[PDB]
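Okay, so here's the structure we're looking at.
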Amino acid sequence: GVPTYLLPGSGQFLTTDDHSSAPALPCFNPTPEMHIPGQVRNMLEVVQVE
Amino acid sequence: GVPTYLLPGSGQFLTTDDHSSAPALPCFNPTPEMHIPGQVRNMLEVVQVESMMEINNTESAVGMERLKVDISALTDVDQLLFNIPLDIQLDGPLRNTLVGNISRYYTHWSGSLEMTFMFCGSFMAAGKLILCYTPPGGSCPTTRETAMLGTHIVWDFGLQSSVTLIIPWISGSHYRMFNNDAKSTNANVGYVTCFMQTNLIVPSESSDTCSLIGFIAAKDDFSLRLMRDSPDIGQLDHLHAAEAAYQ
Amino acid sequence: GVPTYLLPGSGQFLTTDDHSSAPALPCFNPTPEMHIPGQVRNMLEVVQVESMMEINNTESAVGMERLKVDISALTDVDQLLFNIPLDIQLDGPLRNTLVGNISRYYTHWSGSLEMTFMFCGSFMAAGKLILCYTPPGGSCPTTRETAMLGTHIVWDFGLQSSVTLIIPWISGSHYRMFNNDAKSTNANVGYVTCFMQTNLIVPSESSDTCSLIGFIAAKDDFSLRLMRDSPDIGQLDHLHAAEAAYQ
Amino acid sequence: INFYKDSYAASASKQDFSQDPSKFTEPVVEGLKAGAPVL
Amino acid sequence: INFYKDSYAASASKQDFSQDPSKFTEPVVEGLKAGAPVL
Amino acid sequence: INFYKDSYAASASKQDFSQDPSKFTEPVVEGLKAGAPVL
Amino acid sequence: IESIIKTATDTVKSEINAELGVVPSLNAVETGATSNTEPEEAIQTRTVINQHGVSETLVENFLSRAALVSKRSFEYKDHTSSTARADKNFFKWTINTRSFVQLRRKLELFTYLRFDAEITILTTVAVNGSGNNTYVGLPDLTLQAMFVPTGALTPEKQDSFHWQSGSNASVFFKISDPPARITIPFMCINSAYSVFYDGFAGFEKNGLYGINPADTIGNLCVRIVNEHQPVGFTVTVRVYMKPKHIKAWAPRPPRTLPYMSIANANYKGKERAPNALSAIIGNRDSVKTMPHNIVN
Amino acid sequence: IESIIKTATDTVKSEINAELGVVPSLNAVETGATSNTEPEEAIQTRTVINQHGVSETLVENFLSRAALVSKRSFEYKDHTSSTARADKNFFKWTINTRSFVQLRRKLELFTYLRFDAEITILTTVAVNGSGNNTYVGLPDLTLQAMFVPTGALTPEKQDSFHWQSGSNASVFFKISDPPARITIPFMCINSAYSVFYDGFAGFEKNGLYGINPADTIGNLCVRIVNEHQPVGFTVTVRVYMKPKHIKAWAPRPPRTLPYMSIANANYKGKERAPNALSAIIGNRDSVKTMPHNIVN
Amino acid sequence: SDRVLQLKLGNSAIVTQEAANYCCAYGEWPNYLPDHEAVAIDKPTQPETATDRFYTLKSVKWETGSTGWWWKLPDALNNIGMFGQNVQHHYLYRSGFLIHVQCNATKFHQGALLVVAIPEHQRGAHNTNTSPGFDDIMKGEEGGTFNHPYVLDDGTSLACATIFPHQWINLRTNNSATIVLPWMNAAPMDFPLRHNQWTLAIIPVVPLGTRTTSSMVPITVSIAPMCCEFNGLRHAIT
């Protein structure tokens with residue numbers, strides 16, 4: 001066994017956290033990506049339009 | 001000690017998880033593997049085998065009679081014989097097939113199908129049929145002049161007693177999904193219709209009614225997604241002798 | 001901190017688990033190892049030693065008399081002397097043996113057995129026997145003409161006072177399992193029978209009844225699986241002086 | 001992640017993409033060519 | 001830290017700094033030079 | 001996985017497949033050959 | 001022949017075909033082979049690069065899902081005056097996969113199966129209404145689950161000495177803990193389990209048809225370790241099984257009629273279609289009637 | 001001679017044998033050797049490649065199973081008016097392996113044993129029925145388990161100062177925690193434990209036969225750290241032991257008759273067979289009677 | 001070319017001029033048990049030509065109300081010739097099969113028979129919780145008939161029976177079917193008197209019909225064991 005201890009914040013649900021989670025559907029193959037006009041990757045691109 | 005913290009989802013039991021677990025019997029040696037004929041490693045192999053359709057799913061057909069379609073000699077030309085609905089995720093002639101049964105374990109399906117018809121008349125029986133696949137959008141054609149405008153094959157009876165109509169994958173989307181709405185644009189595949197091309201002509205000493213047997217299978221471009229519990233089986237109570245397992 | 005999550009089975013106590021645990025006494029130095037004769041590292045070594053069978057398990061036999069079989073001079077030919085049942089996982093002559101006792105700690109067994117019979121008559125006693133192993137499927141043979149059709153060895157008394165009948169592993173499956181059904185196809189091994197080949201002939205001054213001693217052992221192709229609690233020991237209450245350990 | 005001493009304790013193996021549908025679809029001693037009359 | 005067998009189970013990907021605002025701000029067939037009268 | 005300082009704290013050792021059944025089955029000063037009369 | 005398939009096959013474009021002696025659309029079903037007519041030979045097609053995955057239909061993925069195989073409820077209380085049939089703080093269950101139909105049908109889609117079984121045990125507790133009409137709280141109880149080989153001695157009471165488990169594998173778990181999980185190896189005496197057995201497993205004629213004890217994993221004996229509380233509770237234990245490391249042989253026609261018993265494949269069917277004995281598929285008016293015809 | 005054996009031995013095919021002077025089926029039991037007749041020399045055999053493993057019969061695997069060695073129940077309450085014999089919120093147990101027969105018989109299958117002992121402690125609690133006829137809930141109590149060497153000073157009460165444990169190893173554990181686990185090393189003054197002792201461990205003639213204190217691991221003193229609650233409870237402590245790193249010498253005949261005491265090997269046997277003094281094996285009608293003969 | 005076929009085993013030969021190829025179950029051919037898969041250590045007996053030969057069963061009559069026929073292997077051959085003698089004298093059996101089904105008629109006749117080999121066809125009973133008895137399962141040479149061929153007498157579907165090795169006898173196309181079956185069992189060998197590896201089922205999906213003068217149209221089954229081996233010699237059980 002690996003000796004461990006729990007830190008403050010253990011078990012909390014933070015809405016802005018960034019962690020991997022269990023896949024609900026294993027071996028699922030998503031639909032292949034198709035090129036779509038007008039891709040936006042940063043909202044600063046939108047604010048530059050008058 | 002290693003500083004750690006627990007994440008959301010800790011301690012949950014997910015039925016589709018993939019983790020190692022403690023071996024109950026240590027040092028157990030399983031029985032050595034022996035070669036067994038007919039190994040299957042992908043259920044798409046099973047759906048490629050053709051199985052009989054229940055085209056004659058009418059109240060007048062009992063049991064095995066539901067697995068064949070009777071054709072007789074007609075005195076009018078361009079007459080319709082039968083039609084087959086489209087959905088493999090819905091109840092119908094395609095449901096109780098290998099491809100249909102396996103596909104009803106999933107929610108999304110894609111790929112081309114093949115429908116094989118075997119003529120089971122006498123050797124002296126002659127005839128020409130036309131089998132048409134109609135892409136969705138309108139009503140099922142009721143006349144040959146409208147059905148021949150879609151995909152079709154003209155079948156001539158002869159030494160080769162079987163013909164194949166390919167239903168190609170003609171869909172706007174990559175996959176077709178299952179809902180309880182047969183008329184959705186994401187579920188409807190079209191129709192299949194059979195018409196007489198010329199007639200069924202037999203001599204006086206041959207049977208005047210001849211049976212066709214229809215099979216359906218999927219091609220190698222077929223695929224399934226979003227596994228779900230099959231609606232083809234269920235229980236409202238415990239089975240018999242299930243209590244005896246606790247005795 | 002290291003982000004972690006708990007899996008199903010966390011905190012459980014499994015009696016067959018294999019994990020390191022905290023040492024209660026740090027820096028403890030165990031006594032140096034000394035060579036001791038008779039080290040055993042696998043229980044299959046113990047089952048290879050032959051142990052006496054209780055063939056004479058009858059109400060008329062008390063204690064040690066259950067470990068020998070008496071043979072006398074007969075006036076009819078081809079007469080049966082005794083039979084031995086098959087199962088090492090069931091109560092019988094083979095149960096209270098090293099191989100039987102060790103095998104009853106497991107559920108599955110495989111491999112060939114060997115049965116060794118020692119003649120304990122006088123030097124002037126002569127005789128010929130036949131020992132037959134019959135594979136399962138039918139009844140135990142009651143006549144020599146039926147028993148000799150299976151596996152057998154003809155034993156002639158002489159300077160070598162012991163004979164060995166090998167019961168080879170003849171099974172459809174890799175292993176034979178234990179259930180409480182002696183007649184199952186996964187448990188039945190066959191029968192052993194002993195018949196007189198010619199007769200037992202002794203002079204007037206020798207004992208007219210001579211004793212055979214039967215031993216059974218396993219060969220090196222023997223193996224056991226699925227360890228289980230032995231049915232040969234149990235308790236319905238606490239033992240004597242067990243309470244004194246708490247005083 | 002498998003720290004157990006028994007190999008059967010490991011997770012599921014979903015990396016076997018080998019197929020042979022012919023053993024179910026074409027179990028005939030003599031193969032059939034495309035377009036040629038089978039019978 | 002992603003020990004799952006499915007790639008979609010991983011954490012969010014916040015490392016895509018590629019931009020092209022012109023497709024929203026200058027969707028014209030002929031580009032415009034600085035200072036020159038556009039019309 | 002053994003992070004303890006004492007060696008006896010480790011898990012069970014199930015990797016000893018060495019055997020010598022003869023010390024229990026043939027504890028005789030003179031060995032016996034196959035088929036030859038032992039006595 | 002054997003090949004590695006990770007995606008659906010691509011489509012190649014095709015042209016007009018007017019070749020004499022070539023009839024790709026004609027087949028011979030009587031040989032038992034499946035039609036080999038390609039879409040390229042039936043119609044005129046375009047070039048399509050197919051990137052659709054096939055990993056979700058893998059037999060491992062298709063079967064390696066935790067499915068409920070046992071559900072047993074029993075009363076945790078003082079059982080001095082209880083009947084003989086009642087489960088007195090403990091129960092024993094012969095492990096089988098034929099009690100719940102969703103997993104049973106999927107397993108019966110094949111003739112031979114070889115897999116290890118991951119077992120998950122989930123425990124729930126409620127306060128018994130009768131007697132204790134008031135709710136006082138749920139106790140965190142310790143449960144012992146002992147694996148006993150088929151036919152071996154099972155405990156006869158909650159405090160039986162057989163629970164000492166000298167060699168039997170036992171797992172102790174709390175209700176407040178996550179569900180207990182173990183892995184039972186592939187333990188058949190043969191190289192694979194027999195999903196269907198066309199024979200009798202006894203050397204006489206009074207045996208059981210279709211039941212091969214070599215295919216029974218064993219017995220699970222579950223007890224409450226804690227002695228009874230002054231009030232009674234109802235404890236429900238759910239056992240889920242997940243096959244893993246699966247090998248499958250000889251796929252079979254799926255079950256159509258509802259199951260009748262866990263001991264055989266007896267069939268009755270529904271009173272009317274669908275899934276009736278005389279009509280598996282629901283009826284329509286005629287073979288010329290489209291059930292869901294689009295009318296605009 | 002010594003050899004590494006991982007699988008059962010293969011079988012070689014054999015032919016007809018008609019050699020003079022060669023009698024592989026004849027043996028001499030009087031020498032004390034086990035018969036060496038091979039199946040190849042008794043019958044005609046085929047070639048068999050044996051892949052059956054032998055790892056489950058390893059002595060380590062055979063003995064490294066957690067088995068119940070102690071079970072003690074005591075009342076956690078106010079003990080001012082209790083009797084002297086009652087366990088007042090604490091108990092002391094001399095560690096032994098002879099109280100529960102399933103582990104004792106397996107350990108007595110050998111003459112000499114050397115192993116470290118993994119100790120697991122499982123605690124259960126119930127509300128005492130008498131006095132508190134109503135259930136109020138189970139308290140999460142802290143328990144202290146102190147290892148005291150054989151013959152040393154053990155605590156005399158729950159709040160004894162001996163519990164301070166200056167040098168004695170002590171483990172504190174909650175009921176809501178997983179069962180407490182420690183590892184006691186091989187602590188015999190000799191190179192191995194004596195499972196059987198044919199002698200007396202005292203220099204006079206009034207000692208105890210068969211009891212060697214050098215083979216006693218020690219004493220376990222278990223107390224409830226919490227002071228008593230206004231209501232009484234019943235606390236049951238179960239101690240399980242698992243040998244590990246095991247060396248075994250001189251295997252012995254297994255025990256047949258039921259055990260009588262933990263202090264000796266006294267025997268009485270059952271009233272009738274099986275396992276009776278005059279008849280270990282159950283009787284049959286005669287030596288010519290097959291107990292389970294197949295009759296069709 | 002593929003319409004004519006001759007099968008020659010032992011001293012038996014069968015010729016057909018209206019065959020439609022033939023089926024090898026799962027693309028496999030019968031073979032003897034190899035050493036690396038063997039369990040029983042005694043030397044097996046391999047009678048070869050004495051047992052690997054065609055045995056012709058009693059013919060059945062194809063009627064208008066026929067529901068189908070079935071035979072169980074090795075049960076159907078357990079009391080025929082040297083194969084039956086070897087089965088009766090040996091505890092363990094192993095072999096494959098070669099099945100040839102014959103049915104001819106006139107060019108004015110119509111009818112389709114599905115000839116399917118089902119591995120481990122565990123039969124269920126209709127409208128009862130009691131399992132089928134020994135006499136319901138073991139019919140021997142005569143075989144049995146299908147109570148509900150629509151569900152294959154086991155709650156499954158006949159429409160999906162094509163997943164099993166099979167052929168069709170269509171009267172306008174062919175008059176015979178041939179299936180080659182390898183050994184199909186979880187164990188390398190088995191006791192031949194209590195377990196059946198294969199079940200041959202002949203089901204008239206399309207009923208026999210004609211308007212000529214009615215004649216008896218029988219169906220004949222010829223089964224040839226292949227690569228027979230037997231273990232555990234003892235007295236005959238019979």
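Computation of the quantities below employed the complete heavy-atom set of this structure, encompassing side-chain atoms and omitting hydrogens, waters and symmetry-equivalent molecules. Throughout, a chain's letter reflects where its sequence line sits, starting with A, and its residues are numbered from 1.
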Problem - C:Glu59 atom CD, over 12 foreign heavy atoms within 6.0 Å - result: no

Practice task
Measure the CG-CD1 distance between I:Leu233 and C:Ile170 for me, rounded to the nearest 0.5 Å.
Solution key: 9.0 Å

Practice task
Name the member of C:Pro168, C:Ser171, C:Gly138 that forms the most heavy-atom pairs with chain I at distances under 4.5 Å.
Solution key: C:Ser171

Practice task
Mark yes when over 12 heavy atoms from residues, nucleotides or ligands other than I:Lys139 sit less than 6.0 Å from its NZ; otherwise mark no.
Solution key: yes

Problem - Which of I:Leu193, I:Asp42, I:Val39 touches chain C most, by non-hydrogen pairs under 4.5 Å - result: I:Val39

Practice task
Counting only heavy atoms closer than 4.5 Å, note whether C:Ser112 contacts chain I via side chain, backbone, both or neither.
Solution key: side chain

Exercise for the section: Look up atom OG in C:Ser173 and atom CG in I:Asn185, then write down how far apart they are to the nearest 0.5 Å. Expected result: 8.0 Å

Completion exercise
Heavy atoms of I:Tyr91 and C:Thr185 approach each other most closely as OH-O, 4.1 Å

Practice task
Anything in residues 142-154 of chain C with a heavy-atom distance to chain I below 4.5 Å? Please list those residues in order.
Solution key: C:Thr146, C:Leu149, C:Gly150, C:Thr151

Fill in the blank from the handout: Scored by heavy-atom pairs under 4.5 Å with chain C, the best of I:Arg94, I:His195, I:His235 is I:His235

Exercise for the section: Let me know if I:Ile41 has heavy atoms under 4.5 Å from chain C in its side chain, its backbone, both or neither. Expected result: both

Exercise for the section: Give a yes or no on this: more than 12 heavy atoms of other residues, nucleotides or ligands lie within 6.0 Å of atom NZ of C:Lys183. Expected result: yes

Handout entry: Residue-level contacts of residues 71-97 of chain C with chain I, using a heavy-atom cutoff under 4.5 Å
Key = none

